[PDB]
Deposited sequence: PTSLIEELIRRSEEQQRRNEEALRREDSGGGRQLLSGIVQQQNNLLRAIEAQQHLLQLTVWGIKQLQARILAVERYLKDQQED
């Protein structure tokens, strides 16, 4: 959602820099900061998913071991 907010902000600066191409340098540098911030937020969300996956792994493993032990 913040990712969606940084992406919508990036789409804005892209229209600006495009319409300015049709001054320009500052907006390109600003747009690179917008892209970096999106990438950084996506990395935060990706790190969460990695840990969520490991936790699911541990949970499935516990069930698998339980079923094995029940034999």
{"property": "In sequence order, the deposited-sequence ranges that have no modelled C-alpha atom", "result": "1 to 2, 25 to 32, 82 to 83"}
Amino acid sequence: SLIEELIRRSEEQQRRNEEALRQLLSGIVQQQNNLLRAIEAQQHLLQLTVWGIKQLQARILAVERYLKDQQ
From here on, numbers count along this sequence of modelled residues.
property	result
Given 58 to 66 and 6 to 14, the range whose Cα B-factors average higher in the PDB entry	6 to 14
Higher-B stretch (mean Cα B-factor, as the entry records it), 36 to 44 or 23 to 31	23 to 31
